S.K.: 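Before I ask anything, let me first share the structure, which is written out below as structure tokens.
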Amino acid sequence: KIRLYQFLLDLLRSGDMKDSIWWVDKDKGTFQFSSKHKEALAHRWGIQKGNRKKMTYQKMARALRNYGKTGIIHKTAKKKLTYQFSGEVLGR
DNA sequence: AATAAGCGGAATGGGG
DNA sequence: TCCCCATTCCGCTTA
């Protein structure tokens with residue numbers, strides 16, 4: 001099954017949900033979710049995974065928090081809804 | 001207060 | 001057995 005970080009990177013590459021997620025500084029790998037439209041993207045993640053319950057942005061962000069220890073995705077300090085993929089994730 | 005977001009331990013569920 | 005990769009629950013803190 002697709003991993004969360006790959007789902008998000010794929011969305012950014014395809015542009016399919018541009019009103020829910022966007023690059024802030026693509027060369028640095030920083031991206032941000034829409035305050036008003038992030039739930040639609042979270043719903044899509046849960047449906048793609050076949051999860052039992054409806055996915056919420058809060059639960060998806062709880063999964064993102066686990067990537068901070070490994071560095072796969074870091075949450076940008078002093079910003080809201082903003083994250084940064086590692087260089088390794090971006091190298092494909 | 002109302003609303004949003006951050007934080008994150010812990011329990012539970014996936015698929016090896 | 002026991003790690004992977006989340007998901008779900010719960011509740012306190014900060015804005």
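Sequence lines set the chain letters: A, B, ... in the order given, protein chains first and strands last, and positions in each chain run from 1.
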S.K.: Quick one: do A:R3 and A:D10 satisfy salt bridge (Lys or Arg N to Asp or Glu O under 4.0 Å)? Show the steps, please.
M.R.: CA-CA 11 Å; A:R3 295 186 65 181; A:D10 291 348; over 6 Å; no
S.K.: Can you identify which nucleotide, out of B:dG6, C:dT8, C:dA6, has its nearest atom closest to the A:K80 side chain?
M.R.: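 Selected nucleotide: B:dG6.
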S.K.: Take a 6.0 Å sphere around NZ of A:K69 and say whether it holds more than 12 heavy atoms from other residues, nucleotides or ligands.
M.R.: yes
S.K.: So A:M55, base contact, sugar-phosphate only, or nothing? Heavy-atom distance under 4.0 Å.
M.R.: sugar-phosphate
S.K.: Could you check, using the six-membered ring where one of them is a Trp, whether A:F85 and A:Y5 have ring centers closer than 6.0 angstrom?
M.R.: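 Not under 6.0 Å, so no.
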S.K.: Applying a 3.5 Å limit to both distances, which nucleotide forms a Watson-Crick or G-U wobble pair with C:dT14?
M.R.: B:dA4
S.K.: Quickly work out the A:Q32 CD to B:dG6 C1' distance and round it to whole Å.
M.R.: 15 Å
S.K.: Give the rounded distance in Å between these two atoms: CD of A:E39 and P of B:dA4.
M.R.: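 Nearest whole value for this atom pair: 10 Å.
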S.K.: Taking the side chain as every heavy atom from C-beta outward, state whether A:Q32 and A:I21 have any pair of such atoms under 4.5 Å apart.
M.R.: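 No, too far: nothing below the 4.5 Å cut-off.
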S.K.: Over how many whole Å does the gap from A:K78 atom NZ to B:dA5 atom P extend?
M.R.: 19 Å
S.K.: Using OP1 and OP2 only, check whether a side-chain N or O of A:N66 sits under 4.0 Å from C:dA6.
M.R.: no
S.K.: To the nearest Å, how far apart are A:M60 CE and B:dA5 P?
M.R.: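 Nearest whole value for this atom pair: 12 Å.
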S.K.: Is there a Watson-Crick or G-U wobble partner for B:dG14 with both distances under 3.5 Å, and if so, which one is it?
M.R.: none
S.K.: For the pair made of CG in A:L4 and P in C:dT8, what is the distance, rounded to whole Å?
M.R.: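 Taking CG of A:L4 and P of C:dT8, I get 13 Å after rounding.
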S.K.: I want to check one thing: is the phosphate of C:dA6, taken as OP1 and OP2, less than 4.0 Å away from some side-chain N or O of A:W45?
M.R.: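 No, because none of the side-chain N or O atoms of A:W45 sits under 4.0 Å from OP1 or OP2 of C:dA6.
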S.K.: Nearest to the side chain of A:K38, which nucleotide is it out of B:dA5, C:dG11, C:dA6?
M.R.: B:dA5
S.K.: Do any side-chain nitrogens or oxygens of A:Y67 fall under 4.0 Å of OP1 or OP2 in C:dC5?
M.R.: no
S.K.: Does any N or O donor sit under 3.5 Å from an N or O acceptor when you compare the side chain of A:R65 with the base of B:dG9?
M.R.: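 Side chain to base: no pair below 3.5 Å.
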S.K.: Can you tell if the side chain of A:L41 reaches within under 4.5 Å of the side chain of A:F7, non-hydrogen atoms only?
M.R.: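 Yes; the side chains approach each other to less than 4.5 Å.
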S.K.: With a 4.0 Å limit, can you tell me whether A:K53 has a side-chain N or O closer than that to the phosphate oxygens OP1/OP2 of C:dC9?
M.R.: yes
S.K.: I want to check one thing: is the phosphate of B:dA5, taken as OP1 and OP2, less than 4.0 Å away from some side-chain N or O of A:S35?
M.R.: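 Affirmative; the distance criterion is met.
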S.K.: Would you say a side-chain N or O of A:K59 is under 4.0 Å from OP1 or OP2 of C:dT8?
M.R.: yes
S.K.: Tell me the interatomic distance from A:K69, atom NZ, to C:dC4, atom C1', rounded to whole angstroms.
M.R.: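 It works out to 15 Å between those atoms.
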S.K.: Does the ring of A:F33 carry A:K38 above it, NZ/CZ under 6.0 angstrom from centre and within 45° of its axis?
M.R.: no
S.K.: In this structure, how many angstroms lie between the P atom of C:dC4 and the CD1 atom of A:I72, rounded?
M.R.: 11 Å
S.K.: Measure from NZ on A:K79 to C1' on B:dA4 and round the result to the nearest Å.
M.R.: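 Those two atoms, NZ and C1', are 18 Å apart.
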S.K.: Find which nucleotide of DNA chain C each of A:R62 and A:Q58 is nearest to by heavy atoms, and output the residue with the more 5' nucleotide.
M.R.: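 Here A:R62 is the residue nearer the 5' end.
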S.K.: Which sits closer to the 5' end of DNA chain B, A:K75 or A:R52, going by the nucleotide each is nearest to?
M.R.: A:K75
